[PDB]
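We place every Cβ from the backbone using ideal geometry, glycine too, and count neighbours over all the protein chains shown. Only the coordinates and a few stated rules stand behind these numbers; no lab work does.
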Amino acid sequence: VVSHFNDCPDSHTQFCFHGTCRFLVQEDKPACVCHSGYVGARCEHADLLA
C-alpha cells in the first residue's frame, strides 16, 4: 500500500476515462479520482449539476 499504487499510465487504465487513477499494482487494479465534476466507475458521466 501506497508503495506500488503510483499514478496510472493512461493507455490501459481506461478503466477510467476522465479519472486520475491510482494503479494498485499489488492488486493489478486501477481505482479512480474522477475529474472535478464527473461520476461513474469509468469516470465518464459528467455529473450535470457538477
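Between amide H atoms placed 1.01 Å from N, distances below 5 Å from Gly19 occur with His35, all of them 5 or more places distant or on a separate chain. Rounded to the nearest 0.05, what FRET efficiency is calculated for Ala50 and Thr20 with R0 set to 22 Å and r the Cβ-Cβ distance? The value I calculate is 0.85. Backbone phi angles across the range 17-26, fed through the Karplus curve with coefficients 6.51, -1.76 and 1.60 (θ = phi - 60°), yield HN-Hα couplings of 7, 10, x, 6, 6, 9, 7, 5, 5, 4 Hz in residue order; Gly and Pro are listed as x.
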